[PDB]
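The chain below stands alone, shown as structure tokens; this is the form deposited in one PDB entry.
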């Protein structure tokens, strides 16, 4: 028994995660990693005999586009239904989220006080001129965030926001989320937007250098007075032509079960989807916050206008 996993997850803990699965079920995991868009293209180009059993992403919107293109097959699992909140899985059992991550404002403690922060929209304020940095618009975390702004504020307003946000950049987008945190820590900028688990990793690192970086940067959950902080998920679905549907289903059921949920929360610093599972202490220290649960099912359709907006605004 084996499954062919196509995953856009890119963490050093993924190997142990999959190992946990095999040690529990005896099912071998053949892994193919790459960026979400690349994996979807590969699957579609490989045809009806593609080896792909499971498609794993770190973005809800890409999962939507995958389901739209009919790449998944329905799965009805009692464990999936009970463990995964309805709003975090496909109404037709096409895909399911198994972790949650928040894209929040991370700021230099010495240069910024929390009282000066509020919403994502405010980051376009002239006050932040030459003090903001963020990774490239090509990244899905950013595209999904911009999509949520389109959904909540509209295309016209988001375009205006993006132009202002870009005008505030201290440097052109370079590096990943962690590179942004380090740059803010080093005084190259005062704030950025990154996923919570990246800060969790730095705070929990055995490398003193990483922990030192974390100490200079604080975390702020935006839009608390309104829709809430933008929350995305790491999701998964069984490919329609999966050669081993049985193993594929067991894999997804494994991901949402207590053992895997606890590991993901404790070792990869993400928010588990299963209730009753404790967060990593460092992540717990961020505090409680309101999550945006209303803009989720409309994010996918908003991808197109979001990317158009990011391009027009000059967000490289």
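Numbering follows the first chain given and starts at 1. Note that the rigid core is defined as the largest set of C-alphas that superpose within 1.5 Å between two forms.
What comes next is about the form deposited in another entry, which does not appear here.
Task: Answer among 164, 228, 243, 175 for the CA shift between the shown form and the other one that reaches 2 Å or more, rigid core superposed - done: If I go through the list carefully, the shifting residue is 243.
Task: Residue shift check between the shown form and the other one, rigid core fit, residue 293 Cα at least 2 Å - done: Shift at residue 293: below 2 Å after core fit.
Open item on the list: Please state whether residue 77 has a C-alpha shift of 2 Å or more between the shown form and the other one, with the rigid core used for the fit.
Closed with: Where the cores coincide, residue 77 still shows a C-alpha shift between the shown form and the other one that is 2 Å or more.
TODO: Please check if residue 270 moves between the shown form and the other one, taking a CA shift of 2 Å or more relative to the superposed core as movement.
DONE: Shift at residue 270: below 2 Å after core fit.
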